[PDB]
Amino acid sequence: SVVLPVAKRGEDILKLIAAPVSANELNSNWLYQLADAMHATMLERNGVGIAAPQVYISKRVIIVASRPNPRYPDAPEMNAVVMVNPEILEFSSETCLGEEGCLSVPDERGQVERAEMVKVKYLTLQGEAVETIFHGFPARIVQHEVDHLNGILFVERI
C-alpha cells in the first residue's frame, strides 16, 4: 500500500469539479489500486475521510470512515466505505455545527454547519449501486468529502 502526496490549500487541483468515474473503470485493478492508495494515505495522516482531488486525482471517488473523539464521543468506529460517483439526494432541514479538520488545511480546525442527516447514493468499487442515510459525524464527513469533489474547502463554509 502506497501513501500518496496530499495537495494543500492554494493548489488549484483543490478548486476543480472532479470528473465522474466511467463504467469501464468499475470492477478494475485500476480502481482497486486507487482506492487502496487513498485509504493508506488517509490512515497515514490519521484521517476519517479523503477525496481523490486531495491526492491530485480529479475523479469522483471518496472514502468515509468514522471514529469517536472529543467533539463526538458517540460517533461510531466505522471502517472505510469507498464511494464512487457519490450523489447526495437529500440534506435534512435539521442543521448542527461540528468541529472539522482537513488533510489539505493541516494548520486550522473549525466549526461548520452541516445537515445532521444526508441520503447518499453511490457505486461500490465493483459497480454495485447503494443508497444509505448517514447521521451525525459520518454525515459531516460525507458532506466535507463531496465538497472536495466540487472544489470547496471547509474554511469557505465558516
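Sequential numbering from 1, following the sequence displayed.
*Asks:* Tell me which stretch has the larger mean Cα B-factor in this entry, 95 to 103 or 47 to 55.
*Replies:* For C-alpha atoms only, the mean B-factor is higher in 95 to 103.
*Asks:* Please work out which of 57 to 65 and 126 to 134 has the higher mean CA B-factor as recorded in the PDB entry.
*Replies:* Looking at the record's C-alpha B-factors, the answer is 126 to 134.
*Asks:* Checking the record values for 4, 158, 153, 7, which has the greatest CA B factor?
*Replies:* In this record, 158 carries the highest C-alpha B-factor of the candidates.
*Asks:* Taking the entry's C-alpha B-factors for this chain, is residue 121 in the lowest, middle or highest third?
*Replies:* Lowest third - that is where residue 121 ends up once the chain's C-alpha B-factors are sorted.
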